[PDB]
Each structure stands twice: as structure tokens, then as C-alpha cells.
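Down below is the structure, laid out as C-alpha cells.
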């Protein structure tokens, strides 16, 4: 019982941690895209 | 030891699930913010 519980819990925890890290990276990339789009689009504003 | 491992890993699994769901929701809302901001600055294009 202990061995099976340890194995399945470890697998679930590792997968969930990987998913959380991926979600954090995606959010950071979205924020960077926000900044880049705002800057470039304001530059186009000024150019036009 | 099996019981203590079970408790710790159940807490970890619950926290990881909640964090994953919250981060996915935050990423989706961030993308919605991206779309809304892009629309707002396009509208500023036509208005200005």
C-alpha cells in the first residue's frame, strides 16, 4: 500500500509542478508580449 | 510513515491542482486583457 501510494503521489505531484511552471512561463510571456505590443503600437501611433 | 507520506502528498496534490487551475484562469484572463488593450489602442487610432 505504501509503495503504490508513494509512486502515484510522486507522479501526480511532478506532473502538476511541471504544469504550474509552464503556466507561469506562459503568463510571463504574455506580459512581455503586452509590453512589446504597447511600445511598438504607440510608436506606429507617433509615426502616423 | 505511509500515513505521514499520504498526508503530505495529498496536501501537495490539492495545492498543485488549485494553483494550476488558478494560473490557467489567470493566463486566460491575461489573454483577454491583451485583446481588450489591442482593441482600445486601435480605437485610439481611429479617434485621434
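Across the identical copies, the 7 Å label point of residue B:19, projected outward along Cα→Cβ, sits 1.3 nm from its counterparts, in ascending order. Given the C-alpha centroids of region A:19-48 and region B:15-37, what is the distance between them in whole angstrom? Using only Cα atoms to place each centre, the spacing works out to 15 Å. Starting from the label point of residue B:33 at 7 Å along Cα→Cβ, the same points in the other copies fall at 1.4 nm, in ascending order.
Relative to the other identical copies, residue B:46 shows label-point distances of 2.6 nm, where the label point lies 7 Å from Cα along the Cβ direction and values run shortest first. Seen against the Cα atoms of chain B and their longest principal axis, helix B:2-47 is set at about 0 degrees.
Working note: 222 nm ellipticity from helices only, DSSP H runs with n ≥ 4, each -39,500 (n - 2.57), summed and divided by the residues of chain A, gives -35500 deg cm²/dmol to the nearest 500.
Reconstructed Cβ throughout: ideal geometry from the backbone, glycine too, with neighbour counts over all protein chains shown. A short reminder: the numbers here are calculations on the coordinates, not readings from a lab.
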